[PDB]
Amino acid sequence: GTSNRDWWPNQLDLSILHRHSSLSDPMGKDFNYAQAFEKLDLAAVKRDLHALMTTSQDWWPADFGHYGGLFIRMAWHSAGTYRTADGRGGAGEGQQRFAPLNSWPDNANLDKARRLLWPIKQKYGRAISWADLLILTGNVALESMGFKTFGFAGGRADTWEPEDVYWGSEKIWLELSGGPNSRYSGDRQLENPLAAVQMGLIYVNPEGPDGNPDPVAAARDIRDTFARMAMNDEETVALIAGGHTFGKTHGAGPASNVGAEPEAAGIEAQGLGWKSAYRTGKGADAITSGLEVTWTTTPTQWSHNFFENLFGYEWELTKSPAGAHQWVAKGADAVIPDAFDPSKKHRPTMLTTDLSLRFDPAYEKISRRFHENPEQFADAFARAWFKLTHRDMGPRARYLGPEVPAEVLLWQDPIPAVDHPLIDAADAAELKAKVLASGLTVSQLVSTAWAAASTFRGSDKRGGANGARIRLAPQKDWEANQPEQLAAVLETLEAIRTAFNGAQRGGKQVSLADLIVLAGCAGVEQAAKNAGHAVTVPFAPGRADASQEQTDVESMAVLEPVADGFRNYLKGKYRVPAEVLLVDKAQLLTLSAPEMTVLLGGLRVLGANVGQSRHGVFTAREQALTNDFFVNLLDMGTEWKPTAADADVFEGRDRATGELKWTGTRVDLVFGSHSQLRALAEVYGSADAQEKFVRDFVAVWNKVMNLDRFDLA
């Protein structure tokens, strides 16, 4: 059946904003996962998981009689898709069970792992999500094998359809770099927002870069990809050596024996894939990666044997039975146990990427320290494993259950606790009037609150106005935030705050985070008054102010908006058209296409553009909240043409006279071009729409101000 995507493959795609509707959700509109999970008997689930670890099923027999290694890999792959660039990927939505991730080649045979967990999932039902179960199972694996984890939080609600994620442009699984859709350019520069070296890999190629088995070069790809998943050298080494303390790889025969991935398999395979014609197709005969390496002498027990082997031997390049490059210990005895035959033993073996931990000079220093001090290793790994598996969960307020670690970690972007009474409705009214009496304009107030709140992204639940990090490095210096203007607004609000807090009794006080948001509320109300409309904008206090010492400046860098169509901002020139970036930003803000539309048209006329650009400001009453953006955009009395200076800037001229009326960017004009977005703009551009426009604008403003308010819980 030919589709619109076939006819117009470059048309903007809005369907990403309409995933996750109530249509596709099987749970009731009132289902609250946190409430279900809080009553789960977590100790009973962990006991069932523990029993499972050594209860082998014949359709996928357990290596060494223990599924621990398999489950650790499952949990590390669930978490391992995460990219800091956009926050997308990660374990927080259980996306490993849907396409494409369920059929990525790096996820081969994790379909067996997830099916082993069905009887438990079935037993506990809605009280434990698949998302939480995948991580929990990895923790119980570790614990059952003598490793003390750092803790665990529940709260990852299940999802019901695939996320629309850009995973690269290659059309062939695992394609080596340098092809027509290469994700590399220049001196091995991986394109943002990607965080893996080949399509369908978690991070790197275990043979080495594009299969070249050089540990030194592989180390470069390790460091680059892991940094793109928010891990530094210490954490990287800890995680890789930690993981590879357990279990084994599977490459017992040629890969051509392995059939279709789960999405391509026949209906009779009932959601499983990679069926293998090699011998029994499983157990002793399994083929997963094609590598056949077993790292330690006790693959089902925590040890420091990974580094004892890594440094205790010299390594020789060899081939697995499937033909893949891997390494074997020179002159060693057969000390490694076999997974099924107690009379067989094997020499120590390593991946190219394991050897990176010894041959890259910076990793070698860490690895030696871990080898000499295995208690340091165990602590690094436990911390790193926690971070890995929690990094997309958002603020600690979302963390559920009895095993949440009490230690507050910098990477969590922590918010201090509130320990005083909050402002009430009458206080909020008083503060809004004081803000408006100070002389701050609608434009300033809107732009500042927008800047503070719109760093949120629903992909990993980072950002938002909570914390007042807009006043700290690096947010205060981001170009989009207009640093000099920002500093003047913040100085005025901080003097308001000081005066209000100094007059209170009873310890009542207002945070600057709350006041920034409340002041934006005042600006929106004032804008509405300017247009002849009395409205109240909702406001919920309870935000707190974080310090500079609680703010990791390097980690915050990825939240810098380099494109924010809502402020008609583009930091530089990108390959992707600006309207595509607008829709991407709307997705991260959790906005539907109607919400995106109303919000953008309102912000234009409120003076939210960076630099006070007139692009898209289609009103003669700037700082009044009206539908003028839509009414003027849609006026067929105006003709639009790209300018000679810049193809991405358009002039709107009266069609009859030639007189210049407006200028706009692609982000403005897409609302009059795209057929779905224009249908939206027409509703808000209609003569009966002033009331609806105002109401819907206020609702979406408030939604944005509250995106990170997980304390309202």
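The first residue of the sequence shown is number 1, and the count goes up from there.
- Judged by mean Cα B factor in the deposited record, 326-334 ranks above the other of 467-475 and 326-334.
- Between 294-302 and 169-177, it is 169-177 that carries the larger average Cα temperature factor according to the deposited entry.
- The PDB entry assigns its highest CA temperature factor, among 514, 93, 584, 187, to 187.
- Of all the options 567, 462, 347, 543, the entry's greatest CA B-factor is assigned to 347.
- Sort the chain's modelled residues by C-alpha temperature factor and residue 439 lands in the highest third, per the entry.
- When the modelled residues of the chain are ordered by C-alpha B-factor, residue 313 sits in the highest third.
- Among the modelled residues of its chain, residue 163 has a C-alpha B-factor that falls in the highest third, as given in the PDB entry.
- The entry lists a Cα temperature factor for residue 210 that places it in the highest third of the chain's modelled residues.
- Per-chain ranking of the deposited C-alpha B factor places residue 629 in the lowest third.
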